[PDB]
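Undergrad: an experimental structure, sequence included, is below.
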There are 2 protein chains.
Amino acid sequence: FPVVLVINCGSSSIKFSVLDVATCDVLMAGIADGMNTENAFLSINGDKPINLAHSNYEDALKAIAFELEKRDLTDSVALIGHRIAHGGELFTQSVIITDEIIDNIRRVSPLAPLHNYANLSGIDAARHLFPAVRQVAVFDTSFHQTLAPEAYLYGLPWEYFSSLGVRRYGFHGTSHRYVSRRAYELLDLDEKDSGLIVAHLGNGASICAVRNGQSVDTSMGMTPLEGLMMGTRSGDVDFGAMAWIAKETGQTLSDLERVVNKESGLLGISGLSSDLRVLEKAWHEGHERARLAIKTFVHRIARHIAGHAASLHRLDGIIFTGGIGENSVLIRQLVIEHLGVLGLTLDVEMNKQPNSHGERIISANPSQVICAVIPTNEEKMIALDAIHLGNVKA
Amino acid sequence: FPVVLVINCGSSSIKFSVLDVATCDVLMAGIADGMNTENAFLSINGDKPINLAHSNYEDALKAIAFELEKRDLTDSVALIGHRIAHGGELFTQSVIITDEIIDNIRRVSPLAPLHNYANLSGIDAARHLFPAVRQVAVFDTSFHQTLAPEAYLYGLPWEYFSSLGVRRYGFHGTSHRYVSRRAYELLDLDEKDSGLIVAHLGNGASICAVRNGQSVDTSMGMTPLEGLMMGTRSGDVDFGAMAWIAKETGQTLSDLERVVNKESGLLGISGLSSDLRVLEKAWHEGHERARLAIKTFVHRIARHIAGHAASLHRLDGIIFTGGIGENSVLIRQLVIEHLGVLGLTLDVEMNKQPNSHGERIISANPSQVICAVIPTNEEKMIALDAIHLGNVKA
Ligand SMILES: Nc1ccn([C@@H]2O[C@H](COP(=O)(O)OP(=O)(O)OP(=O)(O)O)[C@@H](O)[C@H]2O)c(=O)n1
Ligand SMILES: Nc1ccn([C@@H]2O[C@H](COP(=O)(O)OP(=O)(O)OP(=O)(O)O)[C@@H](O)[C@H]2O)c(=O)n1
């Protein structure tokens, strides 16, 4: 009874999950939070958290590795999946990790320095602790590689693209891809003749247009800072406005980077929280700035959804996903009501249902475009890739 | 037989036009190009250009004023219109110029330092040379003031908006407004129950959604640098990408401002020209980068048009205007073909017709949304405001 180990080495943590090959179910999950700080701890399944403070990326994975042998499943690890933040132009699909792949991930690392080097540290450790175990790299960018130059080029001088690699990459590709495949079954659509809009909505949020099974447009750009307004990220912002602010407050681009990336978005406008459940209740309690933060959030989602719809020959479905998209009855309705121009009629009974109802259609019959909620499963998609690649001869 | 004098004091020039009150026709037009430089000249109607080199804003208008008396129409100037680049939150409509208005334009001048101070210099001169002549201020921003907070707020921290005035303003308001009023007659629409998308396309380009006679969304932001890719302007650009470029090339935000504002857009990608007629022929001659510049330009127009459509209850018409929108048979078709998702069928015979055919519908019958070309007339709209305000008692 083989299992697959899914690893995600973020900026400050190592999120892991153990999935059964037979059913793709989660048998174990956890997080090694507080990395590179004098308070590193390992919490599993929401139970008693072990410590091993200020431990490196290699030792933190080694701590989990010992917990796997403690529960007699080290001998059952057949495959290991690694989520990679950035795959540049070099990666269009998931690959088996080899020396070549490590070099290539290290080559595109300058495009996302914080996150990619953490991923490489995660690869390095897992290769040490599991030598005879096949390992797979899954990229957040690879799904958006089917984008045409018109869709990925910026208005900047050509030199920046050809000589520096400045272009749209887009993120949440694994989520967007997974949700898409699932949407073809739920909506009984032909993949080869389909047009979908996927709204991945969480703390990090992006829109993606999927024409005929391929990504044709996505809201995030070279960085996760473009497109939708998010939890702490501002989203689309006038560069002329940013230059003006710099002249007035005396702040530099590095200073404004932190403001835009960590102090903006839902957190920025409301001045309360990045969390929606907080702001939904805050507005319910008559908070003015919380209502405006949500209404702006909703507005910019509808603008991009409808914008991304232009990259389709025909619009068949709009799919909501992510912590917000799966659980927010309000935001979904507000966004859909904001898209009456496309002729969406919402079934509020169906939209009222909590995430426990899983994959579900939330639009009425008279609606021209089908609306649905599909819970994303990035771990499952990484596992499914590893299972597929486990049959390959290298 | 009264006339109206329309003045536009740009960054480097003074564009003027004399319009007849009876028919709103142009009787005289010209430009005082090369302002504040040792080569200032005054060219009228495309005839012999006078000089008066390195002349100030007051003297350059005084040079035109002498040419008006030379053609016996100084005694006929009943009204004078001034185009103002930025009206902040203070101006929602066109006003008669008084001491109060001058103070207020000077108050919002920090929002557009280059252009507003030139406008104030233009007001100052015209007040000197024409003391008993009523003068009107027409703002590029005033039409977009009907925008809701959700549509004009950025994702930035709240403090930047409330304490510094950082918000979307949008431009080409006079064009967008004029084209809208004209679109209600051509499309036989009820203004109080209508939804239009106006694509003002020139060297400076912007989209505007007009719901029920009011602007509800527009592509440009606090500055003319947001939204569509343009002639020399990049348009929408990832701020995370701009910060990354700064770290790599060692350039500052002030340096990148010039790159984004003057070296980007159609000029940036193609590396040839900002002019479309050049690039259309360049692509016809098999130039690769020119084709990509146009295809990107087209792509970003369709993305914003469809994006702005979300701010409408119903989409009735899409209206093309500006040097590009009025004259480009190719770009119009490419953009419309890129919006098949909204069900636009193009009549290519009607789209083939040159601008001489003026206001014209270019979409077929089976098309769900009407497409039309309406030549903008900013001077005429400024005159129509002045005529209206000429009846007022002050
Ligand atoms: N029952 C829930 C759970 C989550 N949320 C909201 O969903 C957001 C978090 O989404 P999530 O996908 O879990 O974010 P991440 O885990 O960080 O992943 P990502 O940001 O990439 O989407 C929060 O704002 C939270 O308010 C919600 O509305 N109701
Ligand atoms: N017969 C013509 C004339 C103009 N153009 C194009 O239209 C653009 C200029 O548009 P215009 O509205 O005249 O620009 P401006 O006068 O500067 O005003 P704005 O930029 O604000 O629109 C140029 O790229 C030019 O190639 C065109 O396609 N065919």
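TA: Happy to help now that I have it. Numbers count the residues shown, from 1 in each chain, chains lettered A, B, ... in the order given. Ligands and ions are numbered 1, 2, ... in the order given.
Undergrad: list the buried residues of stretch A:272-282.
TA: With burial defined by 16 or more other C-beta atoms under 10 Å in any protein chain shown, the residues of stretch A:272-282 counted as buried are A:274-276, A:279-280, A:282. All C-beta spots, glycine's among them, are computed from the backbone N, C-alpha and C.
Undergrad: dump those residues into CSV; add distance to ligand 2 as well.
TA: Output for the buried residues of stretch A:272-282, formatted as CSV (distance: C-beta to the nearest ligand atom, whole Å):
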residue, distance to ligand 2
A:274, 39
A:275, 43
A:276, 40
A:279, 40
A:280, 42
A:282, 42
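Undergrad: restricted to helices, list those residues.
TA: A:276, A:279-280, A:282 (DSSP state H).
Undergrad: on that earlier part again, within reach of ligand 1, which of the buried residues of stretch A:272-282 are there?
TA: Of the residues in the buried residues of stretch A:272-282, proximity to ligand 1 by C-beta under 6 Å from any ligand atom holds for A:275-276.
Undergrad: output the buried residues of stretch A:272-282 as CSV; include the columns distance to residue B:352.
TA: Supplementary listing: these in CSV, determined by distance: C-beta to C-beta, whole Å:
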residue, distance to residue B:352
A:274, 52
A:275, 55
A:276, 51
A:279, 52
A:280, 53
A:282, 56
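Undergrad: what's the closest of the buried residues of stretch A:272-282 to chain B?
TA: Lowest distance from chain B to the buried residues of stretch A:272-282 (C-beta to the nearest C-beta) belongs to residue A:274, with 11.4 Å.
Undergrad: ok, that closest one to residue A:290 distance?
TA: Shown here: residue A:274 relative to residue A:290, a distance of 12 Å by C-beta to C-beta, to the nearest Å.
Undergrad: repeat that for residue A:114.
TA: Distance check for residue A:114 against residue A:290: by C-beta to C-beta, it reads 30 Å.
Undergrad: and the two? Which one has more around it.
TA: The neighbour count for residue A:114 versus residue A:290, taken as other C-beta atoms under 10 Å in any protein chain shown, is higher for residue A:290 (24 against 11).
Undergrad: which residue packs closest to that one, ignoring adjacent ones?
TA: Residue nearest to residue A:290 in three dimensions, not counting chain neighbours: residue A:282, with 3.7 Å by C-beta to C-beta, 6 or more residues apart in numbering or on different chains.
Undergrad: for residue A:102, which residues are in contact?
TA: Residue A:102 sits next to A:120, A:123 when contact means C-beta atoms under 8 Å, 6 or more residues apart in numbering or on different chains.
Undergrad: which strand or helix spans it?
TA: In this structure, residue A:102 sits in helix A:99-107 according to DSSP states H and E.
Undergrad: and the following helix or strand past that helix, which residues are buried?
TA: Using DSSP H and E, the helix or strand that directly follows helix A:99-107 along the chain is helix A:113-129. Residues A:115-123, A:125-126, A:129 are the ones in helix A:113-129 that count as buried (16+ other C-beta under 10 Å).
Undergrad: cool, stretch A:81-96 as well?
TA: Using 16+ other C-beta under 10 Å as the test for burial, stretch A:81-96 gives A:81-88, A:90-91, A:94-96.
Undergrad: mind checking which of the residues you listed land in helices?
TA: Using DSSP H, none of the buried residues of stretch A:81-96 sit in helices.
Undergrad: wait, which of those is closest to residue A:387?
TA: Ranked by distance to residue A:387 (C-beta to C-beta), these are led by residue A:81 at 9.7 Å.
Undergrad: what about the closest residue to the closest one other than its chain neighbours, how many residues nearby?
TA: Once flanking residues are discounted, residue A:81 sits nearest to residue A:382: 3.8 Å by C-beta to C-beta, 6+ apart. Residue A:382: 28 surrounding residues under other C-beta under 10 Å.
Undergrad: ok, residue A:382 - contacts?
TA: Applying C-beta under 8 Å, 6+ apart, the residues contacting residue A:382 are A:4, A:6, A:81, A:83, A:94, A:136, A:138, A:174.
Undergrad: list the buried residues in the helix holding residue A:102.
TA: By neighbour count on 16+ other C-beta under 10 Å, the buried set for helix A:99-107 is A:101, A:104-105.
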